[PDB]
Structures are given as structure tokens and as C-alpha cells.
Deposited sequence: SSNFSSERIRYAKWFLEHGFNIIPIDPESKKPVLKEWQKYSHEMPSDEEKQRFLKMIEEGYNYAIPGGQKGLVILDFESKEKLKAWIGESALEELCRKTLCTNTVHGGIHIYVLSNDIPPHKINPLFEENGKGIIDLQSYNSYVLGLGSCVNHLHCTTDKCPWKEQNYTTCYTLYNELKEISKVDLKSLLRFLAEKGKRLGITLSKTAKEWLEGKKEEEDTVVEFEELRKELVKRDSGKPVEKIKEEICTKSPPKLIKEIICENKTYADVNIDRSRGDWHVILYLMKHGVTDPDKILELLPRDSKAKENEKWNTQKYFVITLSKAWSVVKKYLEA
């Protein structure tokens, strides 16, 4: 009750999107909840979701947004044995870690490099997943939300059909979700897991340890004239940033948004609209775009990397 609202407010205030979870159906209240893994918080939406949680809804934090992944370990006891108490305390000291309702642990981190979709499972032990990486198109239930195990069906619930309630709770204290080198954390987990037979799943390993693109971006383009694209978007009720940049011809500096963040969100929207041709994208970006306003050697690395990441994110999202 009080903790559910206290922490949802904390997340919103730190720039994180939350999504309301219907405590009757245990599922998101919103139809396209996956979009909150990658769109920008709207202040009115923030305000509405907070009120829903005050009214009794649970809430969830989607992965992907802002570089967030949540490492969702089935068993806190297992994680302690796997990495040791000292490494676990360092991790809980560096960033937010929470207890989950069925005895696991969530470790929330930001990273510059994260996968374009959840990886479920991330590590396996005796052929079975024991931790999922929650990234885009996935979420975790939020601090302060609770569950009555009387209504659990999965056999992961130790208390299935007992009238017993537990909650997502602080593992120690509340601290800001911190940035880490995720690939480096994952390599550390793998190193520590070797002696226990805890190993990266195939999908994890291929993300971690391992342009034909342009042609595929061009090939998948819609591929209308730029003027038609502007007309179509501007008559589709776009989000605030998109309206400003695509329809109102404002710069990132005009609307006082970070260049990088502006490019990222504008590019996602366009690719979701079917505008994947890099030159069309470039033409629709404002003049202070980090893809334009840069020393030229940087300009191209940045644009390629951004397009590449955006497209992998859009592809997985549509597939979701």
C-alpha cells in the first residue's frame, strides 16, 4: 500500500516509465505496453499512472528504456552461492536490488550496450533457466507490489493456492539505478558460474560474445516521398517530440532536449512508421542532430550505430 506508491513515485521521479498492472488480471492494463520499453515519459501519463497505483493498481518497470535491464534471478540463495556474499553486497551497494515474491532477486542496471529484447533464460543450470534478462518488451513487477499466492498457477510458486501474500521489497536500501558495463557483468557471472555448472544460454552467449544493413533498411523502406511521410505523420497524432521535430520544424536546442536522446526517439518512431531508408531519416532529423553536427569521422560511426541499434529494437518490438 504505502510502499507501492512510495516507490512508483520514486521511479517516475527518476525518469523511468512504469506501467500499471491490473491486480485482478495480473497483466498490464494497457494494450501496447511494450512501447513503454522505448518511448519517452509524458508528464500527463506519469501523473495518471501514479494515480492508478494510488488507487490500488500494481505497477511494473519495462526493460530497455534508458539503457535499463533487470537481471531477474529465480533464487536469492542461488545467487549468493554463485557469486558469494561479498560480490552480492558490492552489487547491492552499487545499484538497486530487490527481493521478489517467490524468493528471487532483481538487479537493475543501466548499460550503454543492452540487447534489443529480453533474454529468457540468460543462464542455465542443469538444463534449466535460473535468471532471465529483462530488456525491451518485457518488465518486472515493481517495488511495493504484492501478490496473493492463492492465485498463482506456475509451479515456480512455493505457496500455490495458500492464502499467503508476499511483496517485491528492498534487498537493503533504495538506491539509484546505476550504470554498469553489462557485458562485463555477464562475463563475471559466467566466470563465477563455471565451477557450479551455471552457463550462458545459447541466446545470451551470442549476444554477449559474438552495409548488408543499409541494403536491408532501404529494402524494407515504405518507401514514400519525404513530403508524403511528413504529411502522414503529422496527421497521425504523434507524440510531443515527433510533432515538434517532424511537423513544427524545431531543433533539439529549440525544444531543449539532448541531441542523442532526440535522435534516438525520432529514429525509432520513423522506423516504426516504415521509414527505414537512412537518407530519408537523415533528411527528417533537425540540423543540430548528433548525426549531422559532429566532426565527420564521428558523424558516420554515430549514425550507423544508432540506425543499427534502433532497427534491431524496432524489429524485435514489431515481432513482439
item: Regions left out of the model, expressed as runs of the deposited sequence counted from 1; value: 1 to 4, 215 to 225
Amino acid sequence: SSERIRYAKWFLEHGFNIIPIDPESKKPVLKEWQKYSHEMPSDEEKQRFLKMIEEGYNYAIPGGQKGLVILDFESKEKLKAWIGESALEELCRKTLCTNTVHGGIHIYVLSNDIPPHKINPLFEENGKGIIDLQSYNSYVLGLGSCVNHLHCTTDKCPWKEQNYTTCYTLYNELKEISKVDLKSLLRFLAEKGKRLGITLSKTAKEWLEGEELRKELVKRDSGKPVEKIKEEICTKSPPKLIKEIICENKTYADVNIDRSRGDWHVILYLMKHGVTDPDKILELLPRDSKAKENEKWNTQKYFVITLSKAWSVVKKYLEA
From here on, numbers count along this sequence of modelled residues.
| property | result |
| --- | --- |
| Given 193 to 201 and 242 to 250, the range whose Cα B-factors average higher in the PDB entry | 242 to 250 |
| Entry-level comparison of average CA B-factors, 22 to 30 and 59 to 67, reporting the higher stretch | 22 to 30 |
| Top residue by Cα temperature factor, when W159, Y139, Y171, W207 are compared in the entry | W207 |
| Top Cα B factor in the deposited entry, candidates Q134, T154, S111, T166 | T154 |
| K219 by Cα B-factor - lowest, middle or highest third of the modelled chain | highest |
| Ranked against its chain, the third holding the CA B-factor of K179 | middle |
| Third of the chain's Cα B-factor distribution that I53 belongs to, per the entry | middle |
| Chain-relative CA temperature factor third for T98 | lowest |
| Among modelled residues of the same chain, the CA temperature factor third for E212 | highest |
